[PDB]
């Protein structure tokens, strides 16, 4: 599901565009020179390969945030976090999970409230496993709907500020109907 997410971001073609050294720099495979260099790329951006671009994406939006560990407990939750993180930021996505796990812990019966720090840590992963163990697959389904509600309200607010296209948010809701 993550592979599909990144394979859709990395189009069939590099699309090398040379923006100002300051304003983004040269970009290929959606990677700016600045981001590439910060991930140890030293070549010309005209010769950046899809593979190293995918490594940068998997690092920033899957492994760095530790969505791969979430996937160990719930492939579906991790996929939603990953898709959320590429559009809004991985820490925004991680905070949504933490917020929901705190409200659904039954006044701290299942586990104590965690920090909503937006980092997937051992306490976040333990809370997710206890939640999934106590509430079972119905729990997992409830959590996914809840995450979708916080994603959609953030797309609303992004669209109000013009950081997201109307068509994009209409299409995202359309994908979630019956």
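Numbering follows the first chain given and starts at 1.
Quick one: higher average CA temperature factor, 69 to 77 or 94 to 102?
Result of the comparison: 69 to 77.
State which stretch shows the higher mean Cα B factor in the entry: 143 to 151 or 123 to 131.
That would be 123 to 131.
When the modelled residues of the chain are sorted by Cα temperature factor, does residue 58 land in the lowest, middle or highest third?
As the PDB entry reports it, the C-alpha B-factor of residue 58 lands in the lowest third of its chain.
Tell me, lowest, middle or highest third: where does the Cα B factor of residue 168 rank within its chain?
Middle third by C-alpha B-factor.
Please place residue 156 in the lowest, middle or highest third of its chain by C-alpha B factor as given in the entry.
Lowest third.
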